[PDB]
Structures are given as C-alpha cells and as structure tokens.
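Chains as they are written, first to last, in the authors' numbering: chain G, 2 to 156; chain R, 16 to 88; chain K, 10 to 129; chain X, 3 to 170.
Read through the structure below, which is laid out as structure tokens, and then see the notes.
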RNA sequence: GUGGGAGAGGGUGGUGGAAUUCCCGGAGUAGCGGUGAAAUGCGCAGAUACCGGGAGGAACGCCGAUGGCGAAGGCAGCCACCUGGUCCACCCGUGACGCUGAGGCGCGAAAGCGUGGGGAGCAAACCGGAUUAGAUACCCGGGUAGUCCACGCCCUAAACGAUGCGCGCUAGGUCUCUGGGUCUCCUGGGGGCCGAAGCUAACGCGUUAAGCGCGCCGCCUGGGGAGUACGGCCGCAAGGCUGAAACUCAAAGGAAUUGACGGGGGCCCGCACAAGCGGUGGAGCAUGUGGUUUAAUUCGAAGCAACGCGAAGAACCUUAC
RNA sequence: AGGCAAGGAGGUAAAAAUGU
Ligand SMILES: [Mg+2]
Ligand SMILES: [Mg+2]
Ligand SMILES: [Mg+2]
Ligand SMILES: [Mg+2]
Ligand SMILES: [Mg+2]
Ligand SMILES: [Mg+2]
Ligand SMILES: [Mg+2]
Ligand SMILES: [Mg+2]
Ligand SMILES: [Mg+2]
Ligand SMILES: [Mg+2]
Ligand SMILES: [Mg+2]
Ligand SMILES: [Mg+2]
Ligand SMILES: [Mg+2]
Ligand SMILES: [Mg+2]
Ligand SMILES: [Mg+2]
Ligand SMILES: [Mg+2]
Ligand SMILES: [Mg+2]
Ligand SMILES: [Mg+2]
Ligand SMILES: [Mg+2]
Ligand SMILES: [Mg+2]
Ligand SMILES: [Mg+2]
Ligand SMILES: [Mg+2]
Ligand SMILES: [Mg+2]
Ligand SMILES: [Mg+2]
Ligand SMILES: [Mg+2]
Ligand SMILES: [Mg+2]
Ligand SMILES: [Mg+2]
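Written out as structure tokens, the structure is:
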C-alpha cells in the first residue's frame with residue numbers, strides 16, 4: 002500500500018470457456034464466498050443469452066463488458082475550497098474491474114425475480130448499448146467532462 | 016548552466032561610451048528591450064555599468080527600445 | 010451587419026481570475042470576444058486553464074463565422090490560461106501567424122495593492 | 003430558462019412576436035430570421051411549448067441581461083440578515099457579560115436573529131439555575147430591542163435561545 | 001600640492017518611456033471583477049477585453065550584484081549644472097598643525113502636524129461584503145487623511161554591525177568592488193565569506209577582531225514598577241529629551257544542551273487514508289456501562305489502552321450487597 | 001535529442017474554544 006505496487010492476482014481461469022474475465026465476473030457476482038452458486042448463476046445467464054439473442058454467450062458478455070468500460074472517472078481531491086471532483090483517466094485492469102462491478106450492480110438492480118435471468122438481461126442490455134451499467138458509465142463520463150476544468154490536478 | 020556565447024568576445028573592439036553607435040548596442044539587449052545581465056554580456060563591472068548608462072541614453076534619445084514584444088514564445 | 014477580413018489579431022488577456030480572448034482586426038478593432046463567464050463557466054473555473062482554452066476556441070469559431078482565418082496572437086498577463094488558450098487557438102485551424110507577448114509590466118510604475126506588495 | 007435563437011431554431015413554421023408586442027402570426031422561420039436581421043435584432047423561440055412555436059424578435063442578449071438583473075434583485079431582496087450566535091458561559095464576569103450584551107444589541111440593530119446559547123462544560127447539573135438565571139437577565143436587559151423568539155432549549159453541552167428584533 | 005579616477009553622495013533646472021487611472025474617439029457585447037470558495041462591487045445609460053489620441057500624478061522595470069556612495073538618517077530613469085565627501089599614484093610642500101570630544105550648533109527614515117498647492121495609484125480611519133462563536137482582523141470591494149511637491153515644525157526607530165571614534169600591532173586562504181604598477185603577479189583603499197593565535201558564558205568574533213594595547217567620550221549597576229510620575233526644558237499639538245522613588249518578586253536574563261512540541265522542512269512507514277468487500281449507526285433481541293431507581297440494584301474497569309471487562313457459567317452457594 | 005542545472009513563471013500552502 003505504501004512500500005510496493007502490490008500485484009494483481011492471476012485468477013485461476015474458467016472451465017466452461019477457459020476465460021479469466023469470466024472467472025472475474027463470477028467472483029463479482031458471488032457474495033458470501035459461495036462460488037458454485039454464483040458460477041451456476043453465470044452459466045444460467047449464459048444459457049438464457051444463448052436462448053434469446055442467439056449468439057455465443059461468452060462473446061456477448063465480453064461485448065457488454067467492453068461497452069461499460071470507462072476511460073475517465075472523477076477522483077475526489079481537495080485543493081482548497083473543500084474537496085473537488087477531479088477527472089482522470091482510468092487504468093486498464095482497474096477500468097475492467099469497475100465495469101464488472103457496475104454490471105453486477107445493474108443486474109441486481111433490475112426488476113425481474115431471479116438473479117441469473119437478471120444477469121443475462123443486463124448483459125444483453127450492455128451489448129445493445131442501453132440499460133443500467135451503460136447508464137452508470139455514461140453518468141461517470143459526464144461527471145468527467147462536467148469537471149474537465151479540474152483535469153490539470155493530475156495526481 | 017548555459018555555455019553558448021558572451022557578447023563581450025562575440026563583438027569586436029568597440030566603444031561602449033558611444034551611444035550613437037546602436038547596431039553595436041542592440042547586441043546587449045534581450046529579445047525584449049532589456050539590458051542583458053553580467054552573465055550574458057560578460058563585461059567587467061565598471062564596463063557593464065558604463066554600457067548600461069549608454070543604453071539608457073540611447074533609449075532616451077530613441078535608438079534602442081525600452082521594451083519589446085517577445086516573439087515566438 | 011458583418012464586415013469580414015480573413016486576417017487579424019487575437020488578444021489574450023490572461024488574469025488569474027479569468028481569461029478573456031478578444032479577437033480583432035489587423036489594426037485592432039474588436040471583432041468577437043470570449044471570456045470565462047461567456048462560455049458559462051462562472052466562478053473559480055472562469056480563470057482555470059481549461060476554461061481559458063474553451064473561451065479561445067469559442068472566439069476562434071466566432072472569427073471563422075466572419076471568414077477570419079489568419080490571426081496574430083498577442084498574449085497579455087500571465088495566468089493559468091495563457092498557454093492553454095494559445096494551444097486552443099493553434100488547434101482551431103486558425104492560422105496563428107505569431108505568438109507575441111505584451112505583458113503590461115510597469116517600468117517601476119505606481120504602487121500595487123497590498124496583495125502585490127510583500128513580494129514588494 | 004434559455005431558448006433557440008435564429009439559426010438554433012430548426013422547426014419550419016414559427017409564430018412571430020415583436021419588439022414590444024407585435025403579433026405577426028405563424029410565419030416561416032427563415033422569414034422571421036430575415037425580419038430580425040432587418041431590425042438588427044434576433045428571433046428567439048420564447049414559447050417552444052406553443053402552437054407553431056412562439057418566437058420573439060428581440061435583442062436576446064439584452065433580455066438575458068435583464069433576466070440576470072432581476073435574479074440579482076431577487077437575491078439581494080432575500081434579506082442578508084440571519085443568525086448571529088453568542089455563546090455565553092456559566093462563570094462569566096460582569097464586564098465581559100456587558101460586552102456580549104453590547105454585541106447582541108449591535109446585531110439586533112443590524113437586523114439579526116440572535117442564538118444566545120450558554121456554553122456548559124463541567125458539572126452541567128446546577129446549570130439551569132445559574133445558566134437559566136443568566137439567560138433571564140440577558141432577556142431583561144434587552145426588553146426594548148429584543149423580543150424572545152424562543153425559550154431556552156438544552157441540546158448538547160449547552161442551552162440555546164434565539165432572540166428577535168422588537169420592531170421591524 | 002600635482003596628476004588621475006569611482007560612485008543610487010547632496011541640491012537645482014530640465015526631461016523619457018512603460019504602467020496605472022481618467023476623459024474623449026472608435027470598434028465590439030454580457031459580463032467583468034474578485035476568491036481558498038464566495039459575496040457585495042461596477043456593467044446594454046454598453047462595462048470588461050482591443051486600438052487611436054489627450055489629461056494627469058507618481059514611481060523609476062531591465063542593468064542590479066552577495067555591488068557603489070554617504071557620518072548616519074539614507075540614496076537608483078537619463079541629462080545638465082552647482083557642490084560634498086573619498087581613494088590612488090607622485091613623495092613635492094607644511095612641520096605634530098594630532099586624537100577625542102561634556103556642553104553647543106548642524107543633520108536625522110517613517111509616521112505625525114501647520115500653511116499653500118497637487119492628487120494617478122495606493123491607502124490608515126471609515127463604509128460595504130464575506131469568514132467566524134464573535135471579527136472592531138486577516139480575505140475581498142470601495143474610501144478619507146496621508147502618501148507627492150513647496151516652505152515651516154517635529155525628532156523618534158530594531159536611526160542595528162543591536163559592535164562609540166581614532167591610532168598601533170598580531171597567520172593565511174578566499175570572492176568581490178575600486179585605484180596604482182616593470183600587470184598570467186604585486187601594492188593601496190573599501191565590501192563579504194571561511195579560518196591561525198588570542199578571545200568569548202557560549203554563540204561566535206577573528207587585519208573591517210568582539211584579539212592584544214593606548215587615548216578620549218557615552219553608558220550600565222537585578223527584574224517589574226517605567227521610559228512612568230514629579231520637576232525642568234523643547235515643540236503649535238501629538239509628543240520628545242531629561243528621569244526617579246515608594247513598593248514588589250527571587251528572580252528577570254543570555255548562550256547553548258537534552259527533550260517535548262509545531263496548523264516548520266525532508267525521508268520513510270502502518271489497513272492510516274485512498275481502491276475494495278463487508279458491517280456499526282437505523283429494527284428487535286443478547287449482553288456490558290452511564291444514569292436513575294432501590295433495602296440493596298456489591299465492588300473494581302474511563303479516551304485510544306473502560307464499556308460480551310475482572311466473571312472460563314450470579315436461581316441457592318457463588319456474593320463481596 | 002536526452003542529460004544536469006541555471007533562471008522566469010504557473011498550481012499546492014489558506015480551515016482547530018468545551019473535561020476527571
Ligand atoms: Mg586633485
Ligand atoms: Mg470608450
Ligand atoms: Mg616631503
Ligand atoms: Mg622643514
Ligand atoms: Mg553632543
Ligand atoms: Mg513624511
Ligand atoms: Mg483601492
Ligand atoms: Mg467589516
Ligand atoms: Mg460583516
Ligand atoms: Mg481594504
Ligand atoms: Mg502635509
Ligand atoms: Mg524626521
Ligand atoms: Mg541591520
Ligand atoms: Mg539601519
Ligand atoms: Mg541603540
Ligand atoms: Mg560622535
Ligand atoms: Mg562605505
Ligand atoms: Mg580587503
Ligand atoms: Mg583557536
Ligand atoms: Mg569568521
Ligand atoms: Mg582577509
Ligand atoms: Mg566581549
Ligand atoms: Mg517614547
Ligand atoms: Mg511634564
Ligand atoms: Mg534562550
Ligand atoms: Mg478506506
Ligand atoms: Mg477497549
């Protein structure tokens with residue numbers, strides 16, 4: 002936290018597709034350390050995707066993720082007149098993580114009864130370009146531009 | 016720490032008590048109309064003082080500029 | 010009624026409180042001017058670099074709507090937006106002939122306000 | 003708040019309003035623009051919510067300025083007078099008390115509502131007897147300039163009253 | 001004395017630009033200004049920003065120095081004039097004419113005051129706006145006296161090198177300015193920096209000594225009372241000089257040392273914050289505590305480091321009430 | 001071109017009375 006750069010965990014890759022991104026998403030989904038339950042949820046979502054917008058559900062998921070990956074976000078920094086929301090660029094891995102988080106939030110903000118279903122729907126929405134996660138991303142982008150003044154307070 | 020030239024040796028032998036001679040004195044101003052400091056001109060203290068006085072005289076008469084628009088930037 | 014020229018002068022007044030860019034004719038008759046508060050930015054941002062840049066861009070755009078093309082950048086006052094403003098102008102496609110400083114420094118003229126003393 | 007002016011307007015037919023109140027009816031937007039140019043003014047879409055949008059030939063900038071002025075007036079008429087607070091203590095000597103009273107009076111004169119809290123700290127049990135007495139005394143002193151807006155209300159390590167000017 | 005300099009030395013007469021501000025002309029428009037943020041403030045009766053001209057005061061950027069001059073206070077555009085100090089070389093003249101200097105006369109920053117102007121900026125007071133518990137303050141917007149000049153008075157200062165003046169001596173190195181020389185090196189005279197001896201409570205000073213000496217002057221004699229009263233003097237006034245004691249404390253004080261500290265500086269660090277997940281605060285209950293109640297609700301634990309703690313087992317016992 | 005600095009700027013620095 003102070004001493005070193007503190008490396009990223011190389012997540013043990015997936016089984017159904019062999020993708021680390023997939024694993025990451027599963028992890029994000031999972032609460033209370035119940036991976037199997039979440040992994041199952043993810044696979045249900047995938048199945049739903051396959052059923053509906055008849056495409057390879059991994060690819061769709063990836064597309065969705067890409068759609069919600071931000072480039073600019075507003076870090077809170079104090080420069081005198083209390084704190085300023087200060088727009089800065091977001092690092093790749095970090096950005097990905099953020100996107101995943103947002104996606105998960107969107108999924109578990111959605112109306113319908115069951116999570117797997119919700120997740121699938123969210124993914125579809127992201128792929129399309131609309132809905133929760135994407136909206137969040139848009140908001141964040143706006144915040145970055147509506148504060149672009151302060152940009153020069155690069156950390 | 017700036018090692019290029021010095022307006023003492025750069026110029027030939029001249030009279031810096033001569034303020035009519037101005038093409039010899041525009042050597043000692045900046046890109047601004049500013050008297051170059053010691054480490055720019057490379058004259059002795061007395062000499063420098065004399066030069067400054069001459070420059071001022073020239074300016075008063077209107078031969079060397081008092082202030083200038085700084086080009087390029 | 011517009012007058013048109015294609016050439017001219019871009020006076021950038023960069024204060025710390027605000028940057029104001031007046032674009033004007035090759036003689037110096039104000040064509041179109043822009044400021045911090047002009048482009049919405051009212052407050053501290055008014056004289057922030059980004060704000061200055063924005064103002065400059067606006068001014069350039071306005072000039073272009075008078076067929077103005079080739080400008081002569083004159084920069085007065087050191088402020089946050091003087092460089093940024095210049096950059097913006099350069100970007101705008103407006104042919105910046107020369108960037109020339111004209112900071113109105115007193116030749117030890119009359120006394121500043123208390124803030125600008127202390128450093129005397 | 004703000005509208006579409008001349009070139010900003012993309013809608014084809016618009017209802018043209020004059021500098022004072024000249025009803026020109028539903029004209030083309032282009033025609034309106036031309037008219038504005040002739041007048042050396044600008045047509046600004048004043049009612050985009052109306053039958054083929056209502057648009058006034060005006061000096062838009064002037065109108066904006068006027069609006070701003072009005073806003074300023076509204077906020078300057080919002081009364082700059084507010085709450086001044088004067089924390090007293092339990093063991094406050096006489097001179098200091100009088101100074102505080104003077105301050106309060108000044109505030110009242112200015113036009114201000116006065117939060118006249120008594121700070122407590124240590125024992126904070128005998129507090130109302132002495133603190134309350136002090137408050138009462140203060141009120142008595144300001145019988146003529148201050149009407150008691152409130153009545154002593156102990157929250158934290160303190161008890162606050164508010165005071166109001168006698169006559170407005 | 002002869003010859004020669006260096007200089008923001010002093011006065012006087014001029015004058016040259018930048019800038020500000022204002023007026024006027026233009027062109028142009030919705031803000032400008034300001035700030036840590038703001039707000040008053042000025043702005044379509046057209047401001048700001050821009051060019052053209054004029055008015056006017058005041059200061060003199062760059063050179064600029066760690067520099068120079070002056071006895072200090074001080075003194076900076078440039079020119080001219082008057083004039084002061086000063087240094088050097090020549091050793092030419094006088095031949096002890098020297099040094100100091102109580103009183104005295106003169107000078108003496110700034111603020112101040114008086115009369116006359118002048119007034120651009122600035123700016124005490126003052127009026128606004130904020131900030132704040134308050135704000136008579138910092139921060140901003142204005143604004144008078146003042147600041148500028150003329151003449152008159154005031155005389156103080158951290159008028160400080162906190163180092164009275166002079167002369168002699170007692171290592172050097174060094175940068176410097178400014179003279180002289182048979183001149184990449186000597187010799188004078190200033191201004192700094194580091195150091196021999198020495199000194200010094202130490203800090204430091206150290207050929208510009210705070211060293212060694214000598215001469216003369218000033219002054220001190222614990223702190224506070226107090227630069228006060230009282231007297232005297234000076235001043236138009238403010239006030240200055242001169243200058244106590246009664247009392248009162250066991251100190252007041254210097255230099256440094258070790259710490260502690262800092263809304264000093266650097267280098268670090270910790271789940272410190274941040275990035276993240278989860279809770280606490282909200283419910284109910286469980287527990288412990290405060291409080292209050294009570295015959296008693298034993299007793300202890302108190303920010304972190306007390307509060308599911310002593311208690312790893314209160315129905316009786318335990319239990320101390 | 002990068003080096004290392006010399007020097008000018010411009011941004012940070014601006015917010016703190018309560019016991020036993
Ligand atoms: Mg002579
Ligand atoms: Mg005008
Ligand atoms: Mg002789
Ligand atoms: Mg003889
Ligand atoms: Mg005497
Ligand atoms: Mg005076
Ligand atoms: Mg002012
Ligand atoms: Mg006030
Ligand atoms: Mg106030
Ligand atoms: Mg003020
Ligand atoms: Mg006077
Ligand atoms: Mg005096
Ligand atoms: Mg001194
Ligand atoms: Mg002095
Ligand atoms: Mg003394
Ligand atoms: Mg004497
Ligand atoms: Mg001297
Ligand atoms: Mg010497
Ligand atoms: Mg020794
Ligand atoms: Mg020494
Ligand atoms: Mg020496
Ligand atoms: Mg001694
Ligand atoms: Mg006195
Ligand atoms: Mg007397
Ligand atoms: Mg001490
Ligand atoms: Mg955290
Ligand atoms: Mg604990």
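All residues carry an ideal CB built from backbone N, CA and C; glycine is no exception.
State buried or exposed for residue i, treating a residue as buried only when at least 16 other CB atoms are found within 10 Å of its CB.
i             : result
residue 32/G  : exposed
residue 137/G : buried
residue 120/K : exposed
residue 122/G : buried
residue 56/G  : exposed
residue 116/K : exposed
residue 16/G  : exposed
residue 74/G  : buried
residue 105/X : exposed
residue 156/G : exposed
Of the residues the options, which one's Cα is nearest the Cα of residue i?
i             : options                      : result
residue 4/X   : 66/X, 132/X, 91/X and 131/X  : 66/X
residue 25/X  : 7/X, 62/X, 50/X and 56/X     : 56/X
residue 43/X  : 10/K, 23/K and 72/K          : 10/K
residue 83/K  : 66/K, 23/K, 89/K and 72/K    : 23/K
residue 36/K  : 51/K, 29/K and 20/K          : 20/K
residue 61/X  : 47/X, 72/X, 53/X and 88/X    : 47/X
residue 43/R  : 84/R, 73/R, 88/R and 18/R    : 73/R
residue 12/G  : 98/G, 105/G and 141/G        : 98/G
residue 52/X  : 158/X, 13/X, 110/X and 137/X : 13/X
residue 26/K  : 54/K, 73/K and 65/K          : 54/K
residue 85/R  : 107/K, 71/K, 90/K and 69/K   : 107/K
residue 120/X : 130/X, 86/X, 90/X and 136/X  : 90/X
residue 83/X  : 22/X, 97/X, 102/X and 109/X  : 109/X
residue 131/G : 152/G, 68/G, 79/G and 87/G   : 68/G
At 8 Å on the CB atoms, spell out the chain K contacts of residue i, in chain order.
i             : result
residue 152/G : 59
residue 82/G  : 53
What is the DSSP secondary structure of residue i, counted as helix, strand or coil?
i             : result
residue 140/G : helix
residue 15/X  : strand
residue 57/X  : strand
residue 74/G  : strand
residue 83/R  : coil
residue 43/K  : strand
residue 107/K : strand
residue 87/K  : coil
residue 167/X : strand
residue 128/K : coil
residue 148/X : strand
residue 7/X   : strand
residue 67/K  : helix
residue 6/R   : Beyond the ends of chain R as shown, which are 16 and 88, falls residue 6/R; an answer cannot be given.
In chain R, what lies closer than 8 Å to residue i by C-beta?
i             : result
residue 107/K : 86 and 87
Identify the contact partners of residue i in chain G, using a Cβ-Cβ distance below 8 Å as the criterion.
i             : result
residue 101/K : Those do not exist, as residue 101/K stays about 18 Å from chain G at its closest Cβ, beyond 8 Å.
Chain R partners of residue i, CB-CB under 7 Å?
i             : result
residue 180/K : Given that chain K is displayed from residue 10 to residue 129, the structure contains no residue 180/K and the question cannot be resolved.
Opposite residue i in the DSSP bridges: which residues?
i             : result
residue 19/K  : 32/K and 82/K
residue 30/G  : Looking at the DSSP assignment, residue 30/G forms no beta bridge with any residue, so it has no partner.
residue 83/G  : 81/G
residue 86/X  : 116/X
residue 162/X : 155/X
residue 90/G  : 73/G
residue 46/X  : 7/X and 58/X
residue 27/X  : 18/X
By the criterion of Cβ-Cβ separation under 7 Å, what are the contact partners of residue i in chain G?
i            : result
residue 54/K : 150
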